[PDB]
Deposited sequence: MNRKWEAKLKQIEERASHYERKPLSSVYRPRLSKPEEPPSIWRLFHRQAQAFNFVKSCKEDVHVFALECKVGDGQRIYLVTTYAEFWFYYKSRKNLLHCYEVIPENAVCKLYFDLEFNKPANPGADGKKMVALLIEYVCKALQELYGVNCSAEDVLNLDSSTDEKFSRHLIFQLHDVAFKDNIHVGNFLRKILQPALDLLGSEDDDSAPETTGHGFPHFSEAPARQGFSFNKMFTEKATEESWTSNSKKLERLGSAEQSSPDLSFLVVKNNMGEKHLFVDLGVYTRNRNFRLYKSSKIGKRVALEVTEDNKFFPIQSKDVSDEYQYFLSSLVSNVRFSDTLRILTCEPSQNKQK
C-alpha cells in the first residue's frame, strides 16, 4: 500500500586486507533498510541523533556485536535508538512515564509492578502464555521532573507479529482503563496541563518506531537508560560474552531469540 509512497520520496529526492566489518551510514531511513535486504550478515538499523536540537537522525547499519564493540565504553555513539522494523517480529515492550510534580501521590515502583501483574494475567487468558516479572527487563531513565521507565518482556519461545500488533494487544487489555480518560485506575496520571493521561504511552507502537537504546540518553538531557534498581530479569551467564552485552541483546525489542517452536502472537483491532 505505502510501497508506492516509498520511492515517491526517492523521486521527490531529485531536487535535493582489513578485517570484516560492516559500518554503513545513511541519511535516509529507507536507504538503510535497502542495504539490510542486500546484505548477508545478521545486520540491523540504528538511529543516531545529530547535534541539531531537533530530532534529526542519521541511520547506522551494522551487527549487534560490532555495534557493542564501539558502543560499550559509552565514550562514543551517544544518543542512539533502536529502529524497530515494520512487519518484523518483536517483543512486548512498554514506555512508562508520568510527570512527578503533577503526580506526587502515586508510587512508581508499585504501578509498574501492578501493570506487569495485569499484563501477565492478560497474556495467560488471551494466548495461554505464562510469564512473570522475572521475565521483564526493567530499565529506568527518570529525572527529578519525569519518572521514566522502559519494559522489555523476555517471553520464552513467544513473540508478536510486529509492534503494531503489540499496540492492538495493549489497547485491547487497557480499554477498561482508557474509559476513565478491573481496578485498573492506577494507570491514570495527570500531565502538566492538568489533563488525565494514561501511565502507559500507547504512542510508541508505530511503523519503524525509534526506541532509545540501553545506556543511551536523549541528545538534550544527559540521563541514560540503565537497569532499574528492582529489575528481576537476569540473562544467562555465558563465558563467551559480557553480562552487559547480554542485557543489551535482551533490551533490543527486535532481537527475538530464535527458536524451532516459536509462537507468533497476533491481535487485530
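Student: Which parts of the deposited chain sequence are absent from the coordinates, listed in sequence order?
Tutor: Going by the record, the segments left unmodelled (no C-alpha atoms) fall at 1, 18-35, 201-260, 349-354.
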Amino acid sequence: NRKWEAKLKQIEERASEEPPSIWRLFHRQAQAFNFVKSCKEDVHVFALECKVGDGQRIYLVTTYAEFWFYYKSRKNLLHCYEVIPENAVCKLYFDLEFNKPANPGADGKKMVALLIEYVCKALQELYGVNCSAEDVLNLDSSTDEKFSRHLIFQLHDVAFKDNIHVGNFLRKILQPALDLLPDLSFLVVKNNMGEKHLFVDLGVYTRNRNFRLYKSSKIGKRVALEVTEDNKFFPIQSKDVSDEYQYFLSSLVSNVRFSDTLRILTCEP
From here on, numbers count along this sequence of modelled residues.
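Student: Is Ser16 a gap in at least one third of the other compared entries?
Tutor: Yes: coordinates for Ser16 absent from at least a third of the compared entries.
Student: So 41-49 or 205-213, which one's hotter by mean CA B-factor in the entry?
Tutor: It is 41-49.
Student: Please compare 28-36 with 239-247 and name the stretch with the higher mean C-alpha B-factor in the deposited structure.
Tutor: Per the deposited B-factors, the answer is 28-36.
Student: Checking the record values for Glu86, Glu195, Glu97, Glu82, which has the greatest CA B factor?
Tutor: So the option with the highest C-alpha B-factor is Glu195.
Student: Among the choices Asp135, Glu117, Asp162, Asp157, identify the one whose CA B-factor in the record is greatest.
Tutor: The listed residue with the largest C-alpha B-factor is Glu117.
Student: State the tercile, meaning the lowest, middle or highest third, of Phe199 with respect to the CA B-factors recorded for its chain.
Tutor: Middle third.
Student: Looking at the entry's B-factor column for C-alpha atoms only, identify whether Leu265 ranks in the lowest, middle or highest third of its chain.
Tutor: For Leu265, the deposited C-alpha B-factor lands in the lowest third.
Student: Quick check on the deposited entry: does the C-alpha B-factor of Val129 sit in the lowest, middle or highest third of its chain?
Tutor: For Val129, the deposited C-alpha B-factor lands in the middle third.
Student: Is the Cα B-factor recorded for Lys110 in the lowest, middle or highest third of its chain?
Tutor: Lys110: CA B-factor falls in the highest third of its chain.
Student: Going by the entry, which third of its chain does the Cα temperature factor of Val253 land in?
Tutor: It falls in the bottom third of the chain.
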